[PDB]
Amino acid sequence: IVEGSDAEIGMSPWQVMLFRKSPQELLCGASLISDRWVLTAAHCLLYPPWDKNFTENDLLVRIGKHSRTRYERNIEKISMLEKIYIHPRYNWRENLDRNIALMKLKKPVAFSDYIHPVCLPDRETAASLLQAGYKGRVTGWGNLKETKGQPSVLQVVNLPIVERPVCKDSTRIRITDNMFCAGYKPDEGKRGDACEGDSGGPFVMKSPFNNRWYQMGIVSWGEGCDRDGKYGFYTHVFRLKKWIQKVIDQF
Amino acid sequence: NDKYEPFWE
Amino acid sequence: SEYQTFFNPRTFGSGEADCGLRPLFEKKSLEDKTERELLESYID
Ligand SMILES: *[C@@H]1O[C@H](CO)[C@@H](O)[C@H](O)[C@H]1NC(C)=O
């Protein structure tokens with residue numbers, strides 16, 4: 001997270017950390033949507049160009065954490081993965097189209113003040129909140145700058161959703177309908193963006209209708225981090241809601 | 001910059 | 001908070017009915033340091 005700040009305790013209880021057992025390493029961000037399912041980005045699990053194709057036993061999810069490095073005994077819960085599901089039409093060859101994946105925990109986790117699932121949007125909520133100008137929130141333990149460079153505590157930053165035409169003109173990469181972009185424009189003054197290590201994390205918005213937090217997107221990709229004229233791209237979660245349902249109602 | 005309040009749900 | 005579950009609790013697991021409400025914030029009617037910025041963005 002670039003140009004953000006330290007999250008408060010219990011501020012993002014659905015925040016999940018994707019972790020590599022050995023050599024121990026923070027791989028990505030993810031989000032807790034129930035006691036059994038975790039949502040993240042497909043490229044965090046699968047990316048052949050870099051020889052990446054993790055399996056259930058390669059990873060470990062850490063839930064309810066605040067500190068990046070220390071073991072938060074009696075606070076965080078560590079769960080094994082039972083199975084990983086990557087979207088069939090996930091395009092890792094070109095633009096990372098449909099960059100989403102689901103991970104089923106081996107044993108359901110218990111909720112607490114530090115562990116709580118986020119809501120996934122319904123058609124109505126997504127239609128009214130995913131508008132240019134509205135701000136969402138991104139969290140993660142990724143790098144603090146493009147070039148320890150890593151934070152000691154979970155970071156958070158609020159970023160404005162950007163008009164589709166502008167997102168399209170800010171890059172040569174083909175942008176699809178299951179993608180949206182966020183971030184401040186060069187002349188808006190404020191800065192901020194997701195960065196290496198934040199991928200897979202949630203882009204959440206608070207509903208003004210029912211006070212609940214909804215996950216509108218998943219940190220997907222960007223060119224560099226917090227560069228003027230560039231924007232972070234996110235997987236449009238509602239757009240891929242059918243695949244999520246399909247996978248879950250079957251396992 | 002000219003913004004509409006969300007409504008419904 | 002009015003909310004209608006969408007997934008089958010059988011396969012989805014428990015937790016959806018009470019989703020998006022944080023124990024240390026919404027549940028106690030306490031706001032975090034920057035959520036006001038999000039709400040204002042709906043008006044500005
Ligand atoms: C990932 O490895 C599995 C297990 O060896 C293999 O079947 C699959 O081809 C690999 N993923 C991709 C899409 O290359």
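FYI the Cβ positions are ideal-geometry reconstructions off the backbone, even for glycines, and counts take in every protein chain you see. None of the figures in this text is laboratory data; all of them are computed from the coordinates on show.
Taking the residues in the range A:43-97 that are among the hydroxyl-bearing types (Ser, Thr, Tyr) and within 16 Å of the ligand (Cβ to nearest atom) as candidates, determine which candidate is surrounded by the fewest Cβ atoms within 10 Å (Cβ to Cβ).
Pass one, the range A:43-97, residues among the hydroxyl-bearing types (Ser, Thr, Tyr): A:47, A:55, A:67, A:69, A:71, A:79, A:85, A:90.
Now drop any that are not within 16 Å of the ligand (Cβ to nearest atom), which leaves A:47, A:55, A:85, A:90.
Numbers: A:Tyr47: 15, A:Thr55: 10, A:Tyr85: 20, A:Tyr90: 19.
By that ranking, first place goes to A:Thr55.
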Which of the following residues is within 30 Å of C:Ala17 (Cβ to Cβ) and hydrophobic (A, V, I, L, M, F, W, C): A:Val153, A:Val219, A:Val162? A:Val219
Report, by residue number, each residue of the range A:102-156 that is closer than 25 Å to C:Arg36 by Cα and among the aromatic types (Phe, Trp, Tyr). A:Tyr114, A:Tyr134, A:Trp141
So, first residue closer than 11 Å to A:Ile9 by Cβ in the range A:55-68, second residue hydroxyl-bearing (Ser, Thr, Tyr) and more than 14 Å from the ligand (Cβ to nearest atom), Cβ within less than 7 Å, six or more apart or across chains; the pairs are A:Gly64/A:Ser112; A:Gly64/A:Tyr114; A:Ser67/A:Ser152
Considering only residues that are within 26 Å of A:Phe111 (Cα to Cα) and at the interface with chain A (Cβ under 8 Å from one of its Cβ atoms), which ones fall in the range C:19-37? C:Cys19, C:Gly20, C:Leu21, C:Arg22, C:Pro23, C:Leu24, C:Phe25, C:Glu26, C:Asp32, C:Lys33, C:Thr34, C:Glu35
Applying the selection to the range A:190-216, what residues are within 14 Å of chain C (Cβ to nearest Cβ) and among the small types (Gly, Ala, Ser)? A:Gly192, A:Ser207
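Tally time: how many residues in the range A:6-42 are among the polar types (S, T, N, Q), surrounded by fewer than 24 Cβ atoms within 10 Å (Cβ to Cβ) and closer than 13 Å to A:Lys65 by Cβ? Working first, answer last.
Quick first cut of the range A:6-42, residues among the polar types (S, T, N, Q) only: A:12, A:15, A:22, A:24, A:31, A:34, A:40.
Of the ones still in play, those that are also surrounded by fewer than 24 Cβ atoms within 10 Å (Cβ to Cβ) are A:22, A:24.
Next, from what is left, pick out any that are closer than 13 Å to A:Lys65 by Cβ: none.
Within the range A:6-42, residues that are among the polar types (S, T, N, Q), surrounded by fewer than 24 Cβ atoms within 10 Å (Cβ to Cβ) and closer than 13 Å to A:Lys65 by Cβ number 0.
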Scanning the range A:41-65 residue by residue, those in a strand (DSSP E or B) and either in contact with a strand residue (DSSP E or B) (Cβ under 7 Å, 6 or more places away or on another chain) or of a type in the set (A, V, I, L, M, F, W, C) (or both) turn out to be A:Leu46, A:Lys52, A:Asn53, A:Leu59, A:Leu60, A:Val61, A:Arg62, A:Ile63
Can you find, within the range A:98-110, the residue that is farthest from the ligand (Cβ to nearest atom) among those that are surrounded by 18 or more Cβ atoms within 10 Å (Cβ to Cβ) and of a type outside the set (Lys, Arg)? A:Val109
Among the residues of the range C:1-38, which ones are more than 22 Å from A:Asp113 (Cα to Cα) and surrounded by 17 or more Cβ atoms within 10 Å (Cβ to Cβ)? C:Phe7, C:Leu38
Only one of these is away from the ligand (no atom under 16 Å from the Cβ) and under 29 Å from C:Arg36 (Cβ atoms): A:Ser22, A:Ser12. Name it. A:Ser12
